[PDB]
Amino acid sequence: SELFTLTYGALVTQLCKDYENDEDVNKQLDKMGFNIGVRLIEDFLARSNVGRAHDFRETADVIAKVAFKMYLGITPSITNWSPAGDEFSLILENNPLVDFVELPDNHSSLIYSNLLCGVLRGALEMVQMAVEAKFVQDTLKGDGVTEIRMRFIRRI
């Protein structure tokens, strides 16, 4: 949906005008994402019959194969599992929320789609999982793939 993409791009643009530095933009995007994810989870659980995931591995499958599909129409691949099962990566073929960056670069520190990391954290907090979501690769930063690394911290 262009509607969401365009709205999110306008938001990022406005935040960058509001804040002198991109780290403050990143923080605000994450906050907004967290608040969205808290609400999104109730939408998601009402729309699917995923059962319930009795580990981080089953949760990964639900996120990648069901939730991303539902909301973004895409299926990231899951890779790089830690032997302890508390860490995995979502690999995407581009940046999921942003198509283009402006040249020349004036936002090296900006995590264009940091809102998505907040969404992930907020939605999982509501199912009693303290997690961390973080972009570790981004095609918009010149990487081959986009990679979101997911870590399970604690149960709540």
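All residue numbers are counted from 1 along the displayed sequence.
Engineer: Tell me which stretch has the larger mean Cα B-factor in this entry, 136-144 or 18-26.
Structural biologist: Comparing averages over the C-alpha atoms only gives 18-26.
Engineer: Would 35-43 or 49-57 have the larger average of its C-alpha temperature factors, as given in the entry?
Structural biologist: Averaged over C-alpha atoms, the B-factors run higher in 49-57.
Engineer: Looking at the C-alpha B-factor values in the deposited entry, which of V101, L115, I91, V127 comes out highest?
Structural biologist: Highest CA B-factor of the listed options: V127.
Engineer: Which third of the chain does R155 land in by C-alpha B-factor: lowest, middle or highest?
Structural biologist: Highest third - that is where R155 ends up once the chain's C-alpha B-factors are sorted.
Engineer: Quick check for you: using the entry's CA B-factors within this chain, is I63 in the lowest, middle or highest third?
Structural biologist: Tercile = middle for this residue's CA B-factor.
Engineer: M70: which third of its chain by C-alpha temperature factor?
Structural biologist: It falls in the top third of the chain.
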